[PDB]
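This report concerns only the one structure given below.
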Amino acid sequence: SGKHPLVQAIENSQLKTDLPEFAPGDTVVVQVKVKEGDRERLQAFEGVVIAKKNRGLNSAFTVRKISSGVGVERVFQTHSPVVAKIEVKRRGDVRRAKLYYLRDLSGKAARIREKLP
Amino acid sequence: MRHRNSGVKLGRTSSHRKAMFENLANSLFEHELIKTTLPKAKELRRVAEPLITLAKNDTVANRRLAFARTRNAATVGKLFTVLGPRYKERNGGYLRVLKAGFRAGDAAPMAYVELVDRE
Amino acid sequence: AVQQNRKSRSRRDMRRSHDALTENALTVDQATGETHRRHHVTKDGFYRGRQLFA
Amino acid sequence: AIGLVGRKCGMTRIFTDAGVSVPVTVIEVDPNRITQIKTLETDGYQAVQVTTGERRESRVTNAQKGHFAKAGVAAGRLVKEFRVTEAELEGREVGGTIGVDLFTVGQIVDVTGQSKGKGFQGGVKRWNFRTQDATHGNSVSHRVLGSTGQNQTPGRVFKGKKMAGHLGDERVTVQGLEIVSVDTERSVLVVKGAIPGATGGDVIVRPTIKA
Amino acid sequence: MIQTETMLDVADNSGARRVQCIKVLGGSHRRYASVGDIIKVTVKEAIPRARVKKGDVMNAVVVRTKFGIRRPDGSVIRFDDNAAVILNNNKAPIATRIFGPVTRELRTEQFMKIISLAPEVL
RNA sequence: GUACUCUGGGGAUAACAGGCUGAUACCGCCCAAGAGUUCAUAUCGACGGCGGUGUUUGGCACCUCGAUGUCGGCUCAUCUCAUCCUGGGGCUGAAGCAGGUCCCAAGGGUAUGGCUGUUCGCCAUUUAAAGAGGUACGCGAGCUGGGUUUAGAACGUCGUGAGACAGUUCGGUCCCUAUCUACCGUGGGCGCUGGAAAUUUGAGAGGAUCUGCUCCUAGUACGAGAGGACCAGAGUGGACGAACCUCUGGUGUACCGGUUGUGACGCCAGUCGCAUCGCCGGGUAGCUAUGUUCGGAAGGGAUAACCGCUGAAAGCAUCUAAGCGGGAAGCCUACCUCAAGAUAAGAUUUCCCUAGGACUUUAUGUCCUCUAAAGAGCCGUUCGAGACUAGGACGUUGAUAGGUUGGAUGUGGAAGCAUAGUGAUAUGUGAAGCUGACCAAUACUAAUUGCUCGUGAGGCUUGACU
RNA sequence: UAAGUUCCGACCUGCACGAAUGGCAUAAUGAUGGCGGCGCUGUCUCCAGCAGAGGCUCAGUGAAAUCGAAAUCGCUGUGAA
RNA sequence: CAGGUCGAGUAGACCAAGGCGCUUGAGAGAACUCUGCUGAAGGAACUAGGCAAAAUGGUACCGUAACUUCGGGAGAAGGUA
RNA sequence: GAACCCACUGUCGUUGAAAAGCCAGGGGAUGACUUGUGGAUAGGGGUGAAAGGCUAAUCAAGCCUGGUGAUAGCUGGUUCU
RNA sequence: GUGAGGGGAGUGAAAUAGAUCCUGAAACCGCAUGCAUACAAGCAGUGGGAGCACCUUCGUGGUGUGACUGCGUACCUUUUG
């Protein structure tokens, strides 16, 4: 809430109201709308959350995964309508907010240990 | 450009500046009335007033934070036993800065820094 | 780089035509009656009635 | 044509139902009050003078106080003029009000403002000059202008030569912006893209001149 | 964001393994090539006994970049490598297999072959 | 012999650049044997002839030897047109697509690399295109110093030798704080027919001006086939430019944390100083590009080459002599910015000042007393404005700055205590603690009492209304 | 090498090599001359932000080379050109 | 002559005994210059030339080519804790 | 590889802090080594692991004083009507 | 400021003969009065010439200034120039 009240109201008009709670280190599945011609479908994107930005309507989060030996990162905008659903498969335990050190690790080295209740 | 930036330089390194302002705050809390240059006096508010705000509440953690910021046992004791109870009900503004002419040696503008209820 | 001709006294004075000094803002303090610099404490420690030194 | 005077409030985004993110600028508009109408018979051209905002009486001078009292409107923080023709001039009277309903969603407009001030700037920033090599024996000549002219012929520097000087803080107009939202409850215009100036600056919104 | 002297992996099996960009095509003074752009490459490393050999100068299309690509909602997708696919003189793919994921900016009539062969698409 | 050198002199006399000239160089024109199945003139054109320019190689020795100190590169340019691309045309041995040649046209645009000290050149891959020239072969008191041209050394060659070169090779000090003109920015003074606060017209000046590809017309016109359009419409790029920071990132030495060595705070615990911010991981505002958005659209008027209508001189013919048209990225407008020091100093709205004496130089006269307006400034709190200035906001009838309270963000589980462990450690209290510059409230602190400047109805002549 | 007036191998019509003004080689050594690679990078595409020292303003002290005299504009022409 | 903690050390960081803060200051936080730190994607495309910068760097152990005057080359290269 | 002795590269400095330096890198570092004190060699002479190098900030013939007011077919200057 | 420096008083023929003191020129630097000067381009003068201020024998006079205007590219040396 570092903006003017008018801007705050305009952005608050568009907020989503059904997000789940998730934190860096958790592995999530995101359903992304894919819209070709007049076919519409949901496509899955599963991976580890390495960064989270809390800025109201400007919130974003970064998901990293390995696809056939090639690493891929995507920065989703949390309140975008193209993001259909977020599902938290598993909760991870880490010691910091940004996990950029995972880019230089592969295989056994980049394992995240689980948060236990 | 320095659009919307805060803080001063005063021709010093950062650690030298921090040490100088700590010394000034300690002298002010000891004597209750000091004379210095006008830019130093105006910047001293942002360093000295939060110490009183912190000393309003007396706990072990608050005393250790005050000692971390001042490194003076006598200053910590006076803050937590005299100044904080004195200013418990005042909403900020514990200092007053008054223009006091110029300095003979180099014509630098000068100011008095005073605690609000000194004596 | 240096002048090819000496500069005349007329041009020298024309350059100095912007060097005049200016008076300060002085005001008679009502509490004590003495002339003091505006927005400043007087020489004996008075400002808006309150006194600094016992 | 007839336009509006408003204040820049900041940037944000709008999400479309397809999911596209549109960057937008918010302009807050206090309804403009007409103070004077200028005509051919008395002034020699046709314009509408408006005021907006608020100003305290201790800061309003006596001449301006009389000028506002003649029209019967409250003193504003600024006064502006819009050049108009007969058709646009029809319908407007001294003491009337112009609001955000002057514009419609989807309309193309031009926005004028005062750009941010950068101060004294050099050739590299002000004119996109290229720097000289950082190494290979260079002697204190990394961001300098270089050559500024020819030899004995013509033996001078031409007018308009690009040099160092003040940059920014000028009147700038951006054309071809689209109106995204017209909020009458809040008296707000939401336009697509960036507009000149800083937050809190005064801006002018007019219908597009390119067709 | 590919320029000259940039080395790229080959995301196919035409024979090359590493290629070097020597020209960005499509305009005077054009600096960078992104996903979906045509470049001229020289072959630096190749599997022995294959159609392509070292020192060949060919056309290629960029399919993966480390700099990334923006999407209409404001997102960005980044990959861990820079990769390309070799083309012929008519700017058509010549490979019979493709390695690794790719992007939707290739949905042009020129580039159906790579997606049709590709295993993984996001 | 002197390149290990020295003194007195010369622009009386050479090398660079300027000057005069134009043999030479480049460009244009006249005649036309002929070539072109025939047909000099679609396109070339022998033997000869006449000019233009001042980019070449030269001639002279007028300026400079009490110094005009540079081969190429870098940075920054400005002009010409004998035009490289884009625009408009005539002819063609012009079917179409292309091409050739000539005329008009200077608005904009007009490669990256390998080799070499190179300019040049060759080569690779692009582009719509990679034009020719002048500006001290533009630019070294703006940078460099690889080549040439000091002193060291070597090879080939010449000389008995000191030494030398239609040669080669390794190494080898680039000074100057800007007075005047010019230029880029930013102020002070006075003027503008009494003074003041604002809003303005535009004589004029500057900026901008580029272009590819795909679809469609239409596989249509044309053509044996292969190939394949003019005109007229959409879309999407390259380069260039401007504004901005919502998004993606960079920085973020006054924000948070981990950790090594050492010293100290009496000691444990907890902290701080120093070691490049000690090192390392993140990161708020602000600034910023590689990020985002926008621009070169459309339309008028006069024309260039060229094409006309009607029409005589000259009963025909003829775009011209009378008269009437079309015609280009070029010109004037049009778009953006500046603009009345435009001394020709413009216009509109509103506001302010309506007192007495003495005298003579009897005049918008000079001196006394009273008066001090509308406003401006000094000063203070300051700014997304700034070198100093200038500009914007506010000064108690107040949110201008700091502080305080709340929120937001970032970091990531504070100290103390208690549990489980022999211990390093872990868990709970509790997503806690701390949080520069951000948002919103709030007179707690500082914007005090003030002073200076600016006056007292604004000459005369003529004219029209009163 | 995509592209090599430099580099390496070989050829030999050696303008004008050649045997103690030594000829041809040679392990090790060289702040020695030429060429090519890996790693690495603001050298560069193309620069951005930040820290310190100057620059700028105020108070104090206070130089320099130069200099016939100056009321010291543009253009085209003339003229020790 | 020359102490303490680490250390092979009289190297290095921080300290002891003992000495000092270097004879103009105060503000501001523009261009440009000097000295530093970090930098997206690319990685010599720069340039006469990788100039400058960036990078490597300790102890123990394993391993180590051509060539050789048999000494070397060699800490070759490379790797683990 | 420190002290010590040198001087290969670059930036800065060039009316400098300095009439040859600072900073970051660099070479030798038990030897043909570095260094203190006191002596010897004197100008067509000395000394030189040799650059015409050095011989008191001076070297293809040191400095000082005399011959001496050297000579100059050269340059400059030459005063009231 | 028990300073430096000065103002009175006093000495002396004279103190603007007052101590680096006879006379006290020029370059150079101030203050005061009169006139001119902020729309106009250049060796700064010269030949004309309105207005203003003071003096005055009141003038066909004297002193200072100089709006506007015609003409006008320093001196010396050395040279064909």
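First the proteins, then the strands, lettered A, B, ... as listed; each starts at 1. Just so it is clear, the values below take in all heavy atoms, side chains as well, and ignore hydrogens, waters and symmetry mates.
Put simply, the residue from B/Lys88, B/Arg90, B/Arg96 that forms a salt bridge (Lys or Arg N to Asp or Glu O under 4.0 Å) with B/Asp117 is B/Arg90.
Between the CD atom in D/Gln36 and the NE2 atom in D/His67 there is a gap of 5.0 Å [rounded to 0.5 Å].
No side-chain heavy atom of D/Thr148 sits less than 4.5 Å from a side-chain heavy atom of D/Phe158.
A canonical Watson-Crick or G-U wobble pair links F/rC44 to F/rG34, with each of its two hydrogen-bond distances shorter than 3.5 Å. Residues F/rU251 and F/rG286 show canonical Watson-Crick or G-U wobble pairing, with both defining distances under 3.5 Å. Taken together, G/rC38 and I/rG10 do not qualify as a Watson-Crick or G-U wobble pair under the 3.5 Å criterion applied to both distances. F/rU411 and F/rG117 make neither a Watson-Crick nor a G-U wobble pair with both donor-acceptor distances under 3.5 Å. Judged by Watson-Crick and G-U wobble geometry, where both atom pairs must sit under 3.5 Å apart, F/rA312 and F/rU200 do not count as a base pair. Entry note: F/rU284 and F/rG436 fail the pairing test, Watson-Crick or G-U wobble at under 3.5 angstrom for both distances. Here F/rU193 is not matched with F/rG202 as a Watson-Crick or G-U wobble partner, both contacts being required under 3.5 Å. By the Watson-Crick or G-U wobble test, with both distances required under 3.5 Å, F/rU271 and F/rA275 do not count as a base pair. The base of H/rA45 engages G/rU43 as a Watson-Crick or G-U wobble partner, both distances under 3.5 Å. A canonical Watson-Crick pair (purine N1 to pyrimidine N3 plus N6-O4 or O6-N4) or a G-U wobble (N1-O2 and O6-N3), each contact under 3.5 Å, is present between F/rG395 and F/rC379.
Across the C1' atoms, F/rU350 and F/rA363 are found 37 Å apart, a figure rounded to whole Å. To the nearest whole angstrom, the two P atoms, one in F/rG238 and one in F/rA218, are 32 Å apart. Rounded to the nearest Å, the gap between the P atom of F/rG346 and that of F/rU201 is 16 Å.
Applying the 5.5 angstrom centroid cut-off and the 30 degree plane-angle cut-off, the aromatic ring of D/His136 is stacked upon the base of H/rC51.
Residue pairs meeting the salt bridge (charged side-chain N to carboxylate O under 4.0 Å, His left out) criterion with at least one partner in residues 113-129 of chain D, sequence neighbours excluded, do not occur; the list is empty.
Across all strands shown, G/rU57 is found opposite H/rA26 as a Watson-Crick or G-U wobble partner, with both distances under 3.5 Å. Using the Watson-Crick or G-U wobble rule with both distances under 3.5 Å, F/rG99 pairs with F/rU92. When Watson-Crick and G-U wobble pairs are counted only if both distances are under 3.5 Å, I/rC64 pairs with no nucleotide at all. Pairing of F/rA128, defined by two Watson-Crick or G-U wobble distances under 3.5 Å, is not identified with any nucleotide. When both distances must be under 3.5 Å, the Watson-Crick or G-U wobble mate of F/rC439 is F/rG406.
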Heavy-atom protein contacts under 4.0 Å, nucleotides 54-69 of chain G, coded B base, S sugar-phosphate only, - none
-----S-----BBB-B

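OP1 or OP2 of G/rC75 has at least one side-chain nitrogen or oxygen of D/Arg156 nearer than 4.0 Å. In this model, the phosphate group of F/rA242 is approached by a side-chain N or O of D/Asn128 to a distance below 4.0 Å at OP1 or OP2. Look at E/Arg31 and you'll find a side-chain N or O under 4.0 angstrom from OP1 or OP2 of G/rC46.
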Please enumerate all protein N or O atoms sitting under 3.5 Å from an N or O of nucleotides 34-43 of chain H, with distances to 0.1 Å.
from, atom 1, to, atom 2, distance (Å)
H/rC34, OP1, D/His142, NE2, 3.1
H/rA41, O2', E/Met1, O, 3.1
H/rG42, OP1, E/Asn82, ND2, 3.2
H/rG42, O2', E/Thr6, OG1, 2.8
H/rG43, OP1, E/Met7, N, 3.0

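With a glycosidic angle further than 90° from 0, F/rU149 counts as anti.
Note: C/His36 and C/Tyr47 have perpendicular aromatic rings, judged against thresholds of 30 and 60 degrees for the angle between ring planes.
Surrounding NZ of E/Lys54 are at most 12 heavy atoms belonging to other residues, nucleotides or ligands under 6.0 Å away. The local environment of CD1 in D/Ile209 is sparse, with at most 12 non-hydrogen atoms from other residues, nucleotides or ligands closer than 6.0 Å.
Between D/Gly122 and B/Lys40, it is B/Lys40 whose nearest contact on RNA chain H lies nearer the 5' terminus.
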